[PDB]
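Working notes, beginning with the structure itself.
So you know, we letter chains A, B, ... as the sequences are listed, proteins then strands, and number each from 1.
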Amino acid sequence: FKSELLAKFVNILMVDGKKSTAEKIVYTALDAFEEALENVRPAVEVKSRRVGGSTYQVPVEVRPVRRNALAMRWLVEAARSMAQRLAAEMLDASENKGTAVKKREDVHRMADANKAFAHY
RNA sequence: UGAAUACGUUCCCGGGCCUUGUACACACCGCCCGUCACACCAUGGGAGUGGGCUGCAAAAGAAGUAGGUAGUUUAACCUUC
């Protein structure tokens, strides 16, 4: 397909050096992305600081690169045959359903709940 | 065969430099404080008790000395003895 994000996705899917097994899986279930990714990409995430003497979950922006990377990770981790689990997720991911979308949600939820720490 | 991730240095651990405080120098796993317990010693208080010394107020009154004297007695002087 000749796309660096696709390269990433398989390497994020790849296990134990096995690029072929991965590459097949992704390529086959793709036969059955750029959208379904963009509906998992999180804009906001909580981090954590030693604030002085406690641990507070502080909202921060996700930068666009980590945005695509966190999405891929979430798809794969939810998704985890595999091609009969990697289109399964990565279609519900275009239909704002599943667990990769639940991530985007439950992350934004946590950030929304921590807006009181946004900039301090 | 063949990744992911590193914003960053707050945090944890180990280490380096400068500075500062220190009652530390076996060097913080340092030093060190008081009670209570135990041993011992000296010391204060204490119903008191027994000794030493001593103040004051009296009693007492040996010897001596001085004063006064009925009484007693008496070589040196005097004498009508």
Side-chain angles (χ1 to χ4, degrees):
Chain A
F1 291 137
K2 311 316 173 191
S3 304
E4 290 187 356
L5 271 67
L6 205 271
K8 202 142 213 57
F9 187 81
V10 34
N11 303 4
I12 294 184
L13 188 77
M14 172 170 59
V15 183
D16 301 355
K18 293 198 167 184
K19 189 168 234 61
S20 196
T21 61
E23 273 172 355
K24 162 154 289 189
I25 292 172
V26 55
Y27 279 144
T28 311
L30 253 61
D31 291 353
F33 179 42
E34 312 167 15
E35 179 179 358
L37 205 62
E38 194 264 359
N39 302 357
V40 171
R41 285 178 198 175
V44 185
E45 60 177 352
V46 125
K47 283 193 188 166
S48 291
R49 307 302 184 292
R50 274 274 211 106
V51 298
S54 190
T55 313
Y56 291 150
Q57 286 184 353
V58 178
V60 192
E61 277 199 1
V62 187
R63 297 176 187 182
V65 174
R66 184 180 166 72
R67 225 172 287 173
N68 304 356
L70 276 175
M72 294 175 194
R73 197 180 300 135
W74 283 344
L75 291 172
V76 168
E77 277 176 359
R80 283 181 189 174
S81 166
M82 255 307 287
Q84 304 178 353
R85 271 190 74 116
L86 221 202
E89 196 67 18
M90 215 195 72
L91 172 141
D92 307 11
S94 59
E95 303 177 2
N96 292 4
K97 283 165 192 180
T99 305
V101 171
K102 270 197 197 73
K103 280 143 183 179
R104 190 190 59 182
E105 292 173 6
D106 300 5
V107 161
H108 290 358
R109 207 147 297 164
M110 181 172 49
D112 195 4
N114 284 292
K115 285 184 177 181
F117 305 150
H119 277 93
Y120 113 97

What integer distance in Å separates [X]:[atom1] from [N]:[atom2]?
{"X": "A:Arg49", "N": "B:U9", "atom1": "CZ", "atom2": "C1'", "value": "11 Å"}
{"X": "A:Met14", "N": "B:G2", "atom1": "CE", "atom2": "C1'", "value": "6 Å"}
{"X": "A:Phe9", "N": "B:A4", "atom1": "CZ", "atom2": "P", "value": "14 Å"}
{"X": "A:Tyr120", "N": "B:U10", "atom1": "OH", "atom2": "P", "value": "18 Å"}
{"X": "A:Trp74", "N": "B:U5", "atom1": "CH2", "atom2": "P", "value": "14 Å"}
{"X": "A:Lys19", "N": "B:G2", "atom1": "NZ", "atom2": "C1'", "value": "7 Å"}
{"X": "A:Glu77", "N": "B:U5", "atom1": "CD", "atom2": "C1'", "value": "13 Å"}
{"X": "A:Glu23", "N": "B:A3", "atom1": "CD", "atom2": "P", "value": "10 Å"}

Taking the [atom1] atom of each, how far is [N] from [M], in whole Å?
{"N": "B:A23", "M": "B:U9", "atom1": "P", "answer": "38 Å"}
{"N": "B:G67", "M": "B:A59", "atom1": "P", "answer": "27 Å"}
{"N": "B:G21", "M": "B:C26", "atom1": "P", "answer": "23 Å"}
{"N": "B:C28", "M": "B:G16", "atom1": "P", "answer": "15 Å"}
{"N": "B:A27", "M": "B:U22", "atom1": "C1'", "answer": "12 Å"}
{"N": "B:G68", "M": "B:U74", "atom1": "P", "answer": "25 Å"}
{"N": "B:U73", "M": "B:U80", "atom1": "P", "answer": "25 Å"}

Evaluation steps, side chain to side chain contact (heavy atoms under 4.5 Å, CB included), between A:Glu95 and A:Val101: CA-CA 9 Å; A:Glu95 303 177 2; A:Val101 171; over 6 Å; no

Would you confirm whether the neighbouring bases [N] and [M] count as stacked, given the thresholds of 5.5 angstrom between ring centres and 30 degrees between planes?
{"N": "B:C28", "M": "B:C29", "answer": "no"}
{"N": "B:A39", "M": "B:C40", "answer": "yes"}
{"N": "B:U65", "M": "B:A66", "answer": "yes"}
{"N": "B:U19", "M": "B:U20", "answer": "yes"}

Under 3.5 Å donor-acceptor, [X] side chain and [Y] backbone:
{"X": "A:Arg85", "Y": "A:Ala79", "result": "yes"}
{"X": "A:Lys8", "Y": "A:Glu4", "result": "no"}
{"X": "A:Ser3", "Y": "A:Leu5", "result": "no"}

Partners passing salt bridge (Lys or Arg N to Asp or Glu O under 4.0 Å) against A:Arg49 (at least two apart in sequence or in another chain): none

Considering just the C1'-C2'-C3'-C4' torsion, please state whether [N] has a north or south sugar.
{"N": "B:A42", "value": "north"}
{"N": "B:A25", "value": "south"}
{"N": "B:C24", "value": "north"}
{"N": "B:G51", "value": "north"}
{"N": "B:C77", "value": "north"}

So A:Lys8, base contact, sugar-phosphate only, or nothing? Heavy-atom distance under 4.0 Å. sugar-phosphate

Would you mind classifying the nucleic acid contact of A:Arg63 as base, sugar-phosphate or nothing, using non-hydrogen atoms under 4.0 angstrom? sugar-phosphate

Hey, quick one: are A:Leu6 and A:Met90 part of the same hydrophobic cluster, counting side-chain heavy atoms closer than 4.5 Å, chains of contacts allowed? yes

A:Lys47 side chain near B:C7 phosphate (N/O to OP1/OP2, under 4.0 Å): no

Using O4'-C1'-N9-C4 for purines and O4'-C1'-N1-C2 for pyrimidines, with syn meaning within 90° of 0, is B:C7 syn or anti? syn

Residue mapping more 5' on RNA chain B - nearest nucleotide basis, A:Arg50 or A:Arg66: A:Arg66

Mapping A:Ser20 and A:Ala7 onto RNA chain B by nearest heavy atom, which one lands closer to the 5' end? A:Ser20

From the list A:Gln84, A:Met82, A:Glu89, side chain to side chain contact (heavy atoms under 4.5 Å, CB included) partner of A:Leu86 resolves to A:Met82

Consecutive Watson-Crick or G-U pairs in runs of at least 3, all under 3.5 Å, in which RNA chain B is involved: none

Classify the ring geometry of A:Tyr27 against A:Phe1: parallel below 30°, tilted from 30° to 60°, perpendicular beyond 60°. perpendicular

Electrostatic pair A:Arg109-A:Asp106, nearest N-O below 4.0 angstrom: yes

